[PDB]
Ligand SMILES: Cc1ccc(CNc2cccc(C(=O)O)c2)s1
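Here we start with a single chain on its own, the form solved without this ligand, put down as structure tokens.
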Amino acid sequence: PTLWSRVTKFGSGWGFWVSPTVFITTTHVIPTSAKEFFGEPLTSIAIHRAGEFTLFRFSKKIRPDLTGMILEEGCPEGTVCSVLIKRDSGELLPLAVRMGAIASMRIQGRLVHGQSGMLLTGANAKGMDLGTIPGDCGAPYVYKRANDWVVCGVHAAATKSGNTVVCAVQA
């Protein structure tokens, strides 16, 4: 029983199973041509979009091995989240992120709205194993609170150092 089981390759990045029926990802990684996802006809899937945040709800249990998790709109300022990065190499890369305010930020030429954060590995990501790269978009932001894991958003963007990041959030 692991959080990592819920991180799934999806379009040009990743997504996360909140429940047996609920899948979250970053809008810009979703395929733009499709009749079905995970074997289910697109005609039977509810899609809820808010900027760079997308939620899918399926009409049957795709992952009945899972329990439903808490999903919240971002987290308090100063929370140290973990971004759960999967790589095509086979690497699992949980990185600490100190979270700040919600904002519209300029990132490599584009405007991105979500919760800002800064990696604790700091300086420059120097090595692919201490920061994010473009293929990582849709990875989840999580933290432990009392006994429960909380998911509060998905990886939307990062500056050239790979050290300022944006977490797209619900609503």
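From 1 onward, residues are counted along the sequence shown. Residues that one form lacks are left out of the comparison. Each form is matched to the other, and the largest set of C-alpha atoms that superpose within 1.5 Å is called the rigid core.
Below: the form solved in complex with this ligand, not depicted.
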**Message:** My question is simply whether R110 lines the interface with this ligand in the entry with it bound - judged by any non-hydrogen atom within 4.5 Å.
**Reply:** yes
**Message:** I'd like to check something about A157: if you look in the entry with it bound, is any of its heavy atoms closer than or equal to 4.5 Å to a heavy atom of this ligand?
**Reply:** yes
**Prompt:** Does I133 reach this ligand in the entry with it bound if we count a contact as any heavy atom within 4.5 Å?
**Reply:** yes
**Request:** Tell me, with the core superposed, which single residue in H113, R57, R145, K126 has its C-alpha moved by at least 2 Å between this form and the one not shown.
**Result:** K126
**Message:** Quick check on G78: with the core superposed, does its CA move 2 angstroms or more between this form and the one not shown?
**Reply:** no
**Message:** Flagged pair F10/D88: C-alpha distance shifts by 3 angstroms or more in the entry with it bound. Which direction, closer or farther?
**Reply:** farther
**Prompt:** Considering a change of 3 Å or more, are the Cα atoms of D88 and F58 closer or farther in the entry with it bound than here?
**Reply:** farther
**Request:** Return the sequence-ordered list of stretches, each of 3 or more consecutive shared residues, in which all C-alpha shifts are 2 angstroms or more between this form and the one not shown following rigid core superposition.
**Result:** 87 to 90, 124 to 127
